[PDB]
Amino acid sequence: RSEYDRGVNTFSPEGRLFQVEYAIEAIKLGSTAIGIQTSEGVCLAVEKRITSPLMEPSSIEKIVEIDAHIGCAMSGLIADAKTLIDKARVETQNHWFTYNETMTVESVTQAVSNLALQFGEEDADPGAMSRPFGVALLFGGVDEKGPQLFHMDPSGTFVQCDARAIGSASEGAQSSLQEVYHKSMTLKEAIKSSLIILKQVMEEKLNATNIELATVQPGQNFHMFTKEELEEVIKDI
Amino acid sequence: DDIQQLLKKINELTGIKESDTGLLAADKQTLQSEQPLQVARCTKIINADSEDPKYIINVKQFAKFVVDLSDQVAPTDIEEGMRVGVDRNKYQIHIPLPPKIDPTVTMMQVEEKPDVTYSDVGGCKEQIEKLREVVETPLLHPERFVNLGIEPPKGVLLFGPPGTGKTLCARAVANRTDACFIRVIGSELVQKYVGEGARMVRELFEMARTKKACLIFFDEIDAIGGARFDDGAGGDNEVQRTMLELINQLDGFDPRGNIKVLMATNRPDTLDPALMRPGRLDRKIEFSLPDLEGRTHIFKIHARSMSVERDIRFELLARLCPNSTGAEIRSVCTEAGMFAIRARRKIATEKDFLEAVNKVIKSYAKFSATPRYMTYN
Amino acid sequence: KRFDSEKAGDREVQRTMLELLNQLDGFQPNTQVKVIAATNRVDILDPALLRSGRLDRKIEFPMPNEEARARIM
Amino acid sequence: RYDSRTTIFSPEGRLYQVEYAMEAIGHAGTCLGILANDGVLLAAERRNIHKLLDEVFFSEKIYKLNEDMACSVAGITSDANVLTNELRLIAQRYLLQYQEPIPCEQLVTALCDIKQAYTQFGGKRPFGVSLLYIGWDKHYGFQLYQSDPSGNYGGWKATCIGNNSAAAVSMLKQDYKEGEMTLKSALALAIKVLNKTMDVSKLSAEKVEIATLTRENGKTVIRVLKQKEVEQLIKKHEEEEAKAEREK
Amino acid sequence: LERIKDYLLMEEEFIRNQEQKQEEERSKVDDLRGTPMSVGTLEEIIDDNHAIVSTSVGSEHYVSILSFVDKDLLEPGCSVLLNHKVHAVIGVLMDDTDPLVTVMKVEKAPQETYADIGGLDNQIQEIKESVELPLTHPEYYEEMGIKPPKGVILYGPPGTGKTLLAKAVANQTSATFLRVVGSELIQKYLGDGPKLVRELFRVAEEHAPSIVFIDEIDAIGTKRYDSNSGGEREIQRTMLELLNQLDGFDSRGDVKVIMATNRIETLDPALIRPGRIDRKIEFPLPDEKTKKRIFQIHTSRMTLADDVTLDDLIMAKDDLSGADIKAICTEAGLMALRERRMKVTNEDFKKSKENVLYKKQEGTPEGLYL
Amino acid sequence: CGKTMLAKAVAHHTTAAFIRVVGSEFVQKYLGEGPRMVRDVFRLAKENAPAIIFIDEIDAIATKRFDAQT
Amino acid sequence: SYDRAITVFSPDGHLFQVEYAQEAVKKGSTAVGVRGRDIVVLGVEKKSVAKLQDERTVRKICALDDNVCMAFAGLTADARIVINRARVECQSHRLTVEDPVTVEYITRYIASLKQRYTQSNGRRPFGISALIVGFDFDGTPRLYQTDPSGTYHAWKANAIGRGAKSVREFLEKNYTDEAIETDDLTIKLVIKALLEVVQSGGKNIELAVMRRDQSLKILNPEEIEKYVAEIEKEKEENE
Ligand SMILES: Nc1ncnc2c1ncn2[C@@H]1O[C@H](COP(=O)(O)OP(=O)(O)OP(=O)(O)O)[C@@H](O)[C@H]1O
Ligand SMILES: Nc1ncnc2c1ncn2[C@@H]1O[C@H](COP(=O)(O)OP(=O)(O)OP(=O)(O)O)[C@@H](O)[C@H]1O
């Protein structure tokens, strides 16, 4: 750092962009979210990390529905994620409105990235988004190509990932994922694998309240709020 | 009052006891010979002359004395530029004096070996590797460097956040150096007399030159005048002269020759530019806050001695430590044992460390470590 | 720069500086003896050492230019 | 440190620039008001009196804002002129839209929202003016109000803002009687409080400005007492002190 | 009138402290030793027994040693004692540390145990585990595998009695206690001051278990800022020597450091790091329960009326420090003596709190605003 | 306007030991050097007649051994 | 990095200026809320009567719409602005959609207004953490809270302002399914929780109740006293 971090406008003598890197750091404050993409479908798992018994579990939204075929998991600032999540929800519906078809997971990730990129364009909606967003979004959906999982980052950079981890314990989760992931993994096998990795990397015991799971598969729709099966899958493992 | 009287009576009894209690051939023949034996004050010869030698000697603060050789001496044995002992009464060089050892400089040499292996230092493989080829491999196997015709850096500066492990690595090099290690006392170099410390720095290099291949560790370089504001007040003038004397002896007009210098500073920015310039110190090995693999390794090494359940996950504990120096990771391990001692459980459990992780980092006023803000999840 | 510390001071160092000035000023008119001196900072040096002819020669060393750097490497 | 921008928030959640402006009101002429059953009053200290100054302008610290409302200003002189105009504008704008005199609390809330905005927006400094509002509205009857540079407002049976406010508030809290103010008694309380707060000796008529608002025949009749009316009240206070002599 | 017995005990103790040669061998040594003996450094050792000795006059003549008790103790840097005239080494080297270091050692602690302190029980637990517990039961630490924490910092607002915990440690410590202020290293001479820091530590190692208290550490080490004007504090060099002693190569042996600062933020990060201050203790301003114990302890040895309500004073006013409580108790006694009543009424305590708290004015308009 | 010509004049016409003692002259580097000047005056006033001091050249301080902590 | 600038991040990853705004909420008077089967109730503290000052003007609990009421903790003026904007939106939602505002919508609207101030310099993040309690159409009672950070959450029961943490710890033990069993028992739970951090003042409480079928009513001071006495009797019975 050493100065040159005052704005995304300034460039480092090294040529690095500070502030964009600082926003990448904000994701670490987030709870870990693990997504695995398999031929049967894409599985998303998250650590709810409920702060108090009194607070309602539903209000913390770590896994949200962008559309019937697409689901998203967010690690990072809650408010920033909401602006990006709304754009993805409007865009999937607008693509349906203009083209009478379901938007591909990659195209939604690209569309969301376009707003994320405008950290400081200086032309678009002036007085809005003067800083980089601090949220990393995992988009898991089944499109015409097939099940696809895409990771976006605060810098507008997106990639297709067979398995990925975001948030605190992402680094630990990725190392575990490389050992566990294989091309022929079934969605059921992947769902068990994701929670096993989540249990190892979360300090609290993996009780049903602690973990929220989601799965999108070609035959069914979003189906990304397994409810009371959170207890069933955990007990079997 | 009666209890106070008992103590007063006890004191009176002690007073009665004290009052009642009240109611080698070297010291023989040798002393009679020893008292007549004369003294020979030390002095340093500067020159010699033809015919009567008339060697002229500066006593050490007194005067240039034209003293003839003593009758019972060999003229050849007395030499120009040799310390000698001159009797005050006979005003002659009764016996020559061996060269001054200058023990304070000798004391700084480590002599003993600190018992720390490189294995104990953890999470800095790259920093260890950089030190190995400026400290151990060039000295142990100079042939490889010669084959590429590449000289070793011959200088190293270790800088990093406090508690990173810079000194721990240095003691580890001392354990396996196989060459003289000269730890330097920074306060010793500063001295009451003007430039007295600068004289010591010349001696430090002279001692280093006499030994073959040696490493000098200037820990806390900031103490050795590692800045050159050199303002008009010149409060640091005596130290600034000491710093410059180190710089010239280090490099310029024939440098270390066989001396490798290791300098460790918590604040690198304060160091004077001339010292920072390479040649004096070619390598710049900055130690860095350990990454998650390093944080797990430091936890494992520190906790290996402690008795704990075999199922503890250091990876989770290291993850919970976002930016922790090695000393703070050691502080978590010791604190976790202290909580088990408080509850009197001989074998500690994962929970004890988590309480310590909160205590060592979050409980300290880091503020970032303790979260009251919902802001991000 | 000559210290203005009152009473106790590093008087000896100023005396050494004066001795060099004494040899340089109004002495060594013969060019048989010449002195080369170097400093990382010229700012500390007193104006007296340069004087008018005591150390008239100046040899500024510039930081290496791009052409120079390729040759130096 | 955390000063300059009204926008910056100190690590203790404190807006120093707003706090500095609220403290600044102290360097201003004393302004005090008493709710007074069957009336309401505003009293001010006419500072900076000089032989050459004409004082031709009617009033100086007391400005009417409507047929049934008035305010006394203590703060930066220029900011006061800006706020008084806006308060007058809001009063007529409500009358144009609803054809009824603006309820007093609303006029105060509206200026307070404008004052509040200056604190939340980076470019401007927080207003340095604090003012007292006297008026009668059908919804809540005779009322008295205080506004702060922070934009906070309150309704006070009695309060003071300029100069030695704490001394007046302490004197007012003991002397004031709830429901028994009876206008003429309230005027006496003001002259006595003014004598204590002002370092001026004898409280001469020129130094004091008194404005009284009463509802007569269904119409508010805001009046600024003339010097002769002020003089008789001062003589009565002096005579009362003479009666107090020996007994005290 | 039991005071006379107590005064007698003190006088008797002083008398006891006040009351605390060979036929031929000693007389021969007495003859050998000069009436005046000058102590000087040993520079070189020679087998002939004539060893070079450095002196203030710098006469380094080789001088014979004839020490009856032992002459094998000679070492480089030892301060040998020499005859004023002959200059021969008289005998066993003098072994006394520098005078400034001797003043720090404390043998008597005025305060008693942790009983006087009330409501700092969590703070007492930390100091005990770091200081008293390792010495009393060394086995527990070895079994855990933990090495006992050796350094503590007490940081609190003024009057939270951080020093009182230190005085309590002195009352019940096996270890020799060296009490040195952080502001006691102002040596004018260049050098010397960093050397004094080395001297305090060498003495602590010599005395084996030792506890070092450095009250007001802010003066010795703060920020480590650059020379700037060029005055050059040299205090930074002194702090660096302390930093070296605490964890700078070698080891600290068995010496424990307790340090107290009103402000901890100013203190430089390197000094306040694990390895120099493994355990950190915070003294907060007393709350309610802590205040009750302190108010009781201060009023325990004074006449108390039934009318006085200790709870009312504590609950009504919040912000008073533990020291402030003691001042209220002393002031209340004086308030009663004005009315010539030895017994203290509730009214006296109420008047006392007002008088003590007149200099503490805090807050601005932060009332209507929030 | 003639204050110092009068101040010097008082020194010329004085029978006292009017060491005008402008604030900065023989004064050395010091912090709070007001005592050194006054102490000399008391002794001189005692030696002859009460001495008189004129405060001018008030740059006695601002010495090299001077500077507040921050 | 730097604390001063809403948009500069920190090397750790924190917008400190936003966190500094949360401090103003803590310095505000304590306010508590509970979700009841038919009587969502919010409690307020620190009436702090100032002698010659009228207390109609102080309004810590302000209704936004018929089905939704709100209690603010933090700077008073900033709260007045947020309450008014929420009030306008509630009416606008009825004009845009002829259905009453669901409680979640108004909390999302308040969160969005708060986030918009956080996004750019030239604006100060609002220093309030309002608690919004109401019954939505379909008669479901709900309680939500909004942080100054612009985040919003749904809470069965929560506390904000000075000593909020203490009240929450009390609710963690006290709040039970039985406690919300009766309308009076829910009012009692707010009074008991408020009493712990309200000091012994007792009078310094202004609990307000939403019937979820009727309208918000501020409880009469005498009615509040009767509940306080009933709580004291129950405590004596337990002894
Ligand atoms: N990488 C590491 N591996 C093992 N122990 C470590 C490591 N880093 C720090 N420590 C621990 O910290 C201490 C070592 O600190 P060290 O002697 O290196 O000085 P430092 O604090 O880095 O130096 P300075 O004060 O000059 O910054 C020991 O307690 C050691 O066990
Ligand atoms: N009364 C006087 N008669 C004649 N000449 C005078 C008189 N007063 C002043 N002057 C002339 O004016 C000059 C200026 O006087 P002087 O410098 O003492 O003024 P000052 O206002 O005391 O300023 P300063 O304090 O800087 O000395 C005198 O030196 C003298 O030449």
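- Method-wise, the PDB entry is recorded as coming from cryo-EM, at a reported resolution of 3.0 Å.

### Points about the overall build of chain B
1) Next: Summing up its helical and strand segments, chain B has 15 helices and ten strands in all.
2) Next: Relative to its length of 377 residues, chain B is extended, with a C-alpha radius of gyration of 31 Å against a globular reference of 21 Å.
3) Next: For chain B, the spread of C-alpha atoms along the principal axes amounts to about 95 × 90 × 45 Å.

### Observations regarding the interface of chain B and chain E
1) Next: Counting residues at the interface gives 76 residues for chain B, matched by 61 residues for chain E.
2) Next: No other element matches helix α14 (residues 326-342) of chain B, which puts twelve residues into the side of chain B that touches chain E.
3) Next: Residue classes in the side of chain B that touches chain E are distributed as 33 nonpolar, 15 polar and 28 charged.

### A short note on the site of ligand 2
Residues and elements named next belong to chain F.
1) Next: The full set of residues close to ligand 2 is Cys1, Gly2, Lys3, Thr4 and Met5.
2) Next: Here an oxygen atom of ligand 2 sits 3.5 Å away from a polar atom, N or O, in the main chain of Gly2.
3) Next: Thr4 places a polar main-chain atom, nitrogen or oxygen, 2.9 Å from an oxygen atom of ligand 2.
4) Next: When isolated, ligand 2 has an accessible area of 630 Å², and the protein chains bury 36% of it.
5) Next: Residue classes in the shell around ligand 2 are distributed as two nonpolar, two polar and one charged.

### Observations regarding the arrangement of the chains
1) Next: Contacts are most numerous, across the ten pairs of chains in contact, for chains B and E.
2) Next: For the non-touching pair chain B and chain D, the nearest C-alpha separation works out to 12 Å.

### Some remarks on the side chain of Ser168 of chain A
1) Next: If you trace the backbone, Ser168 of chain A turns up in the loop between β8 (163-166) and α4 (170-180).
2) Next: Other than its neighbours up to four places away in sequence, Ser168 of chain A contacts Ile27, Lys28, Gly30, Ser31, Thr32 and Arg49 of chain A together with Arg319 of chain B.

### Quick notes on the site of ligand 1
1) Next: Surveying the vicinity of ligand 1 reveals 20 residues, the closest of which are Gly122, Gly163, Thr164 and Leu168 of chain B together with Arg276 of chain E.
2) Next: Residue neighbours of ligand 1 fall on chains B and E, so the site bridges chains.
3) Next: Contact between ligand 1 and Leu168 of chain B: an oxygen atom at 2.9 Å from a main-chain N or O atom of the residue.
4) Next: The separation between an oxygen atom of ligand 1 and a polar side-chain atom of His302 of chain B is 3.1 Å.
5) Next: Relative to its free-state accessible area of 640 Å², ligand 1 is covered by the protein chains to the extent of 91%.
6) Next: Listing elements by their share of the shell around ligand 1, those giving two or more residues are α7 (166-176), α12 (292-304) and α14 of chain B.

### Observations regarding the packing of helix α12 (residues 322-338) of chain E against helix α13 (residues 346-356) of chain E
All names here are of chain E.
1) Next: The geometry of α12 relative to α13 is characterised by a closest axis approach of 8 Å and an angle of 125 degrees between their N-to-C directions. When the axes of α12 and α13 are compared, the pair comes out oblique. Considering how the two elements wind past one another, α12 and α13 form a crossing that is right-handed. Along the contact surface, α12 presents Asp324, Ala327, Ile328, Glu331, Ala332, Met335 and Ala336, while α13 presents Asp348, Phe349, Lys351, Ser352, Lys353, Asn355 and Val356.
2) Next: Classifying every residue of the contact of α12 with α13 by side-chain character gives seven nonpolar, two polar and five charged.

### Topic: the nonpolar core
Residues and elements named next belong to chain B.
1) Next: Counting residues in each nonpolar core, the largest one holds 32 residues, and the members touching the most others are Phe299, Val332 and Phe353.
2) Next: Here this core takes eight residues from α14, the largest share from any one element.
3) Next: With residues up to four places along the chain from it excluded, the contact list for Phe353 reads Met306, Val308, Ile312, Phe314, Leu317, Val332, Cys333 and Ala336.

### With respect to the pairing of strand β9 (residues 208-213) of chain D
Residue and element names in this part refer to chain D.
1) Next: For β9, a buried count of six out of six residues is recorded, marking the element as mostly surrounded by other parts of the structure.
2) Next: Here β9 shows a buried face lined by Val208, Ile210 and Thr212 and a second buried face lined by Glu209, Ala211 and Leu213.
3) Next: Bridge count for strand β2 (residues 40-45) against β9 is six bridges, and the pairing is antiparallel. In the sheet register, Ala44 faces β9, and the bridge partner there is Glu209.
4) Next: Pairing analysis gives two bridges linking β9 to strand β12 (residues 223-224), with the strands arranged antiparallel. Opposite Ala211, over in β12, you have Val224 as the bridge partner.

### As for helix α9 (residues 235-247) of chain E
1) Next: With 13 residues, α9 of chain E ought to run about 18 Å at 1.5 Å a step, and its terminal C-alpha atoms sit 18 Å apart, in line with that.
2) Next: Burial analysis of α9 of chain E places eleven of its 13 residues in the buried class, which makes it a mostly covered element.
3) Next: When we look at burial in α9 of chain E, the residues that qualify are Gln236, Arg237, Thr238, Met239, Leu240, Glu241, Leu242, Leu243, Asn244, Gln245 and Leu246 of chain E.
4) Next: In this fold, the buried residues of α9 of chain E make contact with α8 (186-189) and α10 (237-250) of chain B together with α8 (193-206), β8 (210-215) and β9 (255-261) of chain E.
5) Next: Positive backbone phi, approximately 80 degrees, marks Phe249 of chain E, located one or two places after α9 of chain E.

### What about a positive patch on the surface?
All names here are of chain C.
1) Next: Taken together, the side chains of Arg2, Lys7, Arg11 and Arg15 make up a positively charged region of the molecular surface.
2) Next: Secondary-structure assignment places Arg15 in helix α1 (residues 11-24).
3) Next: Using a relative accessible area of 45% as the deciding quantity, one classes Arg15 as partly exposed.

### Some thoughts on the packing of α14 of chain B against helix α15 (residues 350-363) of chain B
Residues and elements named next belong to chain B.
1) Next: The contact between α14 and α15 brings their axes to 8 Å, and the two run at 125 degrees. Judged by the angle between their axes, α14 and α15 are oblique. The hand of the α14/α15 crossing is right-handed. Here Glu328, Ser331, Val332, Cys333, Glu335, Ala336, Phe339 and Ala340 of α14 lie close against α15, whose contacting residues are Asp352, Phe353, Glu355, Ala356, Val357, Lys359 and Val360.
2) Next: Looking at the contact of α14 with α15 residue by residue, the classes come out as nine nonpolar, one polar and five charged.

### Thoughts on the packing of aromatic side chains
1) Next: As enumerated under the stated definition, the model contains 18 aromatic pairs over all chains in all.
2) Next: With a centroid separation of 5.9 Å and 50 degrees between ring planes, the pair formed by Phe217 of chain B and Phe249 of chain E is classed as tilted. Here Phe217 of chain B, found in strand β8 (residues 214-219), pairs with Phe249 of chain E, found in the loop between α9 and β9, and the two come from separate chains.
3) Next: Measuring from centroid to centroid gives 4.3 Å for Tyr94 of chain D and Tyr98 of chain D, while their planes differ by 20 degrees, and the two rings are stacked. Note that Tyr94 of chain D and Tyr98 of chain D are positioned in helix α2 (residues 77-98) at a spacing of four residues, about one turn of the helix.
4) Next: Classification of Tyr94 of chain D as buried rests on a relative accessible area of 14%.
5) Next: One residue, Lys192 of chain B, lies across the ring of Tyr193 of chain B, its end atom 3.9 Å from the ring centre.
6) Next: Positioned above the aromatic ring of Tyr16 of chain D is the side chain of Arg1 of chain D, whose terminal nitrogen or guanidinium carbon lies 5.2 Å from the ring centre.

### Some words on the sheet that holds strand β1 (residues 31-34) of chain D
All names here are of chain D.
1) Next: On the basis of which strands lie adjacent, the open sheet formed by five strands has the order β8-β1-β2-β9-β12 and antiparallel pairing. Whereas interior strands pair on both sides, the edge strands pair on one side only; in this sheet they are β8 (158-160) and β12.
2) Next: Of the pairings in the sheet, the one linking β1 to β8 comprises three bridges and is antiparallel in character. Note that in β8 the partner of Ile34 across the bridge is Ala158.
3) Next: Contacts between helix α5 (residues 184-197) and the sheet are confined to β1, β2 and β9, with β2 contributing the most and set at about 20 degrees to the helix.

### Observations concerning the pattern of salt bridges
1) Next: Summed over the entire model, instances satisfying the criterion amount to 77 salt bridges over all chains.
2) Next: Between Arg49 of chain A and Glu47 of chain A there is a salt bridge, with its nearest N and O atoms 2.9 Å apart.
3) Next: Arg80 of chain G is the salt-bridge partner of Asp113 of chain D, the closest N and O atoms lying 2.8 Å from each other. Of this pair, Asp113 of chain D sits in helix α3 (residues 104-120) while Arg80 of chain G sits in helix α2 (residues 76-96), which puts the two residues in different chains.
4) Next: Assessed through its relative accessible area of 21%, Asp113 of chain D is described here as partly exposed.
5) Next: Via salt bridges that share partners, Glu335, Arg342 and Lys359 of chain B together with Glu126, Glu129 and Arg279 of chain E belong to a single interconnected network.

### Concerning the side chain of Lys256 of chain E
1) Next: Mapped onto the elements, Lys256 of chain E comes out in strand β9.
2) Next: Of the polar contacts made by the side chain of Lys256 of chain E, one reaches the backbone oxygen of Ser130 of chain E; its length is 3.5 Å.

About the thresholds
Residues numbered from 1 in each chain as written, not as in the entry; some residues may be left out. Chains lettered and ligands numbered in written order. Part of a larger assembly, values for the part shown. Heavy atoms only, no water. Residues with missing side-chain atoms left out of burial classes, pairs and counts. Helix = DSSP H or I, 4+ residues; strand = E, 2+ residues; numbered from the N terminus. Rg over C-alpha atoms; globule rule 2.2 N^0.38 Å. Contact = heavy atoms within 4.5 Å. Nonpolar A, V, L, I, M, F, W, Y, C, P; charged D, E, K, R; others polar. Near = heavy atom within 4 Å. Polar contact = N/O pair within 3.5 Å; in protein donor to acceptor, adjacent residues only side chain to side chain. Areas by Shrake-Rupley, 256 points an atom, 1.4 Å probe, with all protein chains shown as cover. Axes fitted to C-alpha atoms, helices over the stretch in contact; angles between N-to-C directions. Parallel < 35°, antiparallel > 145°, perpendicular 65-115°, else oblique. Left-handed = near helix turned anticlockwise from the far one by under 90°. Core = buried A, V, L, I, M, F, W, Y, C linked by side-chain atoms within 4.5 Å. Buried < 20%, exposed > 50% of the residue type's maximum accessible area, 1.4 Å probe, protein only. Pairing = 2+ DSSP bridges. Expected span 1.5 Å × (residues − 1). Patch = residues over 30% accessible without salt bridge, like charges linked within 9 Å, V, L, I, M, F, W, Y side chains within 5 Å. Salt bridge = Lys/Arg side-chain N within 4 Å of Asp/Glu carboxyl O. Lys, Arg positive; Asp, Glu negative; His and termini not counted. Charge placed at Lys NZ, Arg CZ, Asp CG, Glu CD. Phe/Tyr/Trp six-rings, centres within 6.5 Å; stacked < 30°, edge-to-face > 60°. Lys NZ or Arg CZ within 6 Å of the ring centre and 35° of its normal.

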